[PDB]
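Note on naming: letters A, B, ... go to the chains in the order of the sequence lines (proteins, then strands), and numbering restarts at 1 for each one.
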Protein chains: 4
Amino acid sequence: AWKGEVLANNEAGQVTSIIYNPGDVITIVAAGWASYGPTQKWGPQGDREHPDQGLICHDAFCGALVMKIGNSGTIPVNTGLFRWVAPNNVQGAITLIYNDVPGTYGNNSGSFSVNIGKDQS
Amino acid sequence: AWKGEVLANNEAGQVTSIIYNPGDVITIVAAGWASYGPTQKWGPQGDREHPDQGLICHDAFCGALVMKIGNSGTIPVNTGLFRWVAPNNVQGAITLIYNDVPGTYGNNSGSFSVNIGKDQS
Amino acid sequence: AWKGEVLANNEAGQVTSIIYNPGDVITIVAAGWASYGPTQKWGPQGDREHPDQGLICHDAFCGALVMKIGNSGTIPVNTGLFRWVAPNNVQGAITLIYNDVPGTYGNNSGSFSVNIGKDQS
Amino acid sequence: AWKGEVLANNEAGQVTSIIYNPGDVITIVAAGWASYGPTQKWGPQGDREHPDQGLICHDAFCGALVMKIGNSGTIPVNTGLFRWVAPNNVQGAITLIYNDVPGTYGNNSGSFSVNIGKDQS
Ligand SMILES: O=C(COc1ccccc1)N[C@@H](Cc1cn(CCNC(=O)c2ccc(S[C@@H]3O[C@H](CO)[C@H](O)[C@H](O)[C@H]3O)cc2)nn1)C(=O)NCCO
Ligand SMILES: O=C(COc1ccccc1)N[C@@H](Cc1cn(CCNC(=O)c2ccc(S[C@@H]3O[C@H](CO)[C@H](O)[C@H](O)[C@H]3O)cc2)nn1)C(=O)NCCO
Ligand SMILES: [Ca+2]
Ligand SMILES: [Ca+2]
Ligand SMILES: [Ca+2]
Ligand SMILES: [Ca+2]
């Protein structure tokens with residue numbers, strides 16, 4: 001398993017120790033409070049009222065937790081994933097990223113606490 | 001495993017099929033949007049800026065997801081629990097509940113989507 | 001999970017720390033060498049060529065590993081049980097027992113090493 | 001998970017659908033009866049009193065169940081593996097094989113029944 005923090009102001013995201021392999025089943029739980037710039041903080045689903053002005057993941061709100069698996073595009077994580085299998089052809093290291101517009105991460109704050117594990121299959 | 005929805009306006013909460021027994025390890029993942037009355041909605045961690053004016057769970061924000069195991073006191077769930085063991089002497093059915101002040105659930109709206117499973121132990 | 005040894009000469013059996021509850025999935029793996037009296041030893045399936053002269057478990061060979069769950073009847077274990085669910089109304093502590101004829105355990109020797117754990121459900 | 005059989009008479013062994021990846025935790029349970037030549041049969045631990053005359057696995061008895069992960073050397077399985085991680089950084093398909101001396105499998109008989117699954121990690 002892996003446990004760590006994902007900082008909101010880290011544009012690169014947080015590379016984890018988890019290599020997603022074909023057939024793997026995973027669980028992710030994410031918690032905490034972060035901001036993309038405003039004084040308010042939001043949980044790992046982000047800000048449901050905020051427009052998309054060029055986010056790295058168009059399928060999750062601004063301030064949401066997302067991931068990449070190896071060379072994949074961004075995939076929503078939000079609060080987590082329960083006994084989840086990736087699309088076919090998706091494999092590699094899991095990188096966790098805060099969802100914001102490229103070049104706008106430097107005014108972000110807080111973080112999410114994240115647990116990842118592989119499940120029975 | 002149990003998969004379902006917890007309505008914000010349900011004071012009695014949602015009795016699940018999960019009977020937590022001594023030694024069990026569980027995983028919960030919770031998602032979605034709910035309100036305790038205001039226009040805004042919050043995710044399963046609730047509203048970090050709301051005062052506690054007699055919530056059913058003093059250890060989570062207003063609008064958070066919480067639970068009881070049998071006739072335990074309320075236990076915060078928030079976005080979820082990763083490979084979690086309950087406090088000693090706590091056992092019985094898991095009841096999922098929206099965190100609000102008793103008698104004030106009638107103006108609530110939304111729901112959380114929740115998965116629970118027992119893990120290897 | 002539980003790990004321990006079950007002596008062949010222990011007519012009362014080896015009580016484990018595992019309480020089997022309704023809906024539990026378990027895994028057991030057993031190894032080692034034991035005898036019901038002859039100088040030969042057998043593994044946890046017992047001796048396939050030995051007649052049943054009044055064994056505690058008529059659905060396992062002489063010298064096999066068997067169990068009781070609470071005060072159930074004997075249930076064969078042999079080399080182990082892979083992601084197994086018990087029969088209806090069976091619950092309680094797992095006791096591991098060597099399969100021999102009652103009152104004839106005194107000339108037994110050796111032991112099996114056993115791992116038990118609970119699986120996802 | 002994978003369920004199937006491996007013949008005592010097959011030098012090539014039984015290629016499974018399980019691809020063991022770095023970090024994977026697996027469980028194997030094996031059962032059944034086989035001989036490397038004599039009229040007697042043994043379970044998956046093989047014959048503890050037999051000399052090694054050039055077995056494919058020097059770290060298991062003659063008549064034992066062993067395996068390869070990809071093109072690894074042989075690894076003992078015996079009655080099974082409980083929540084086991086591969087000690088060397090091996091990867092690839094699990095191949096199950098009966099432990100005998102190469103060129104001497106012609107007088108072998110029987111088979112083992114095997115379950116393999118990936119565990120939580
Ligand atoms: O839609 C609403 C209001 O409606 C609600 C609110 C609550 C409940 C229900 C409805 N949302 C807002 C009102 C609102 C809506 N709009 C239009 C959309 N907003 C913007 O144009 C807007 C654009 C950018 C930014 S902050 C800006 O965001 C960028 C990413 O997009 C970068 O990270 C950058 O670093 C950051 O500094 C902030 C606002 N502007 N204000 C609100 O409620 N304000 C209070 C602060 O939370
Ligand atoms: O009791 C004895 C010894 O008896 C003696 C011998 C001399 C003097 C006094 C007593 N034997 C014991 C233990 C024992 C002793 N030894 C060493 C002597 N045996 C051998 O070297 C031996 C070697 C090979 C074979 S069968 C032979 O095995 C090969 C792989 O090794 C190939 O698979 C081949 O295809 C197959 O045909 C069978 C026996 N191996 N096991 C036993 O367990 N036998 C079965 C009954 O319990
Ligand atoms: Ca920003
Ligand atoms: Ca309310
Ligand atoms: Ca005896
Ligand atoms: Ca042979």
Residue pairs meeting salt bridge (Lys or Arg N to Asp or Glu O under 4.0 Å), one or both in residues 25-35 of chain B, sequence neighbours left out, come to none

Separation between CD1 (C/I116) and CG (C/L96), nearest 0.5 Å, reads 4.5 Å

- Decide side chain to side chain contact (heavy atoms under 4.5 Å, CB included) for B/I75 and B/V66; before the verdict, give the C-alpha distance in whole Å, the side-chain angles of both, and the deciding distance to 0.1 Å. CA-CA 6 Å; B/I75 298 170; B/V66 307; over 6 Å; no

The reported gap from CD1 in B/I69 to CD1 in B/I94 (rounded to nearest 0.5 angstrom) is 5.0 Å

Taking every heavy atom of B/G32 against every heavy atom of B/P44, the minimum-distance pair comes out as O-CD, 3.7 Å

Distance col, row B/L55:CG vs B/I97:CD1, nearest 0.5 angstrom, shows 12.0 Å

Across chain B and chain C, going purely by atom type as modelled, what donor-acceptor pairs are there at a distance under 3.5 Å?
residue	atom	partner	partner atom	Å
C/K118	N	B/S121	O	3.0
C/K118	O	B/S121	N	2.9
C/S121	N	B/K118	O	3.0
C/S121	O	B/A1	N	2.7

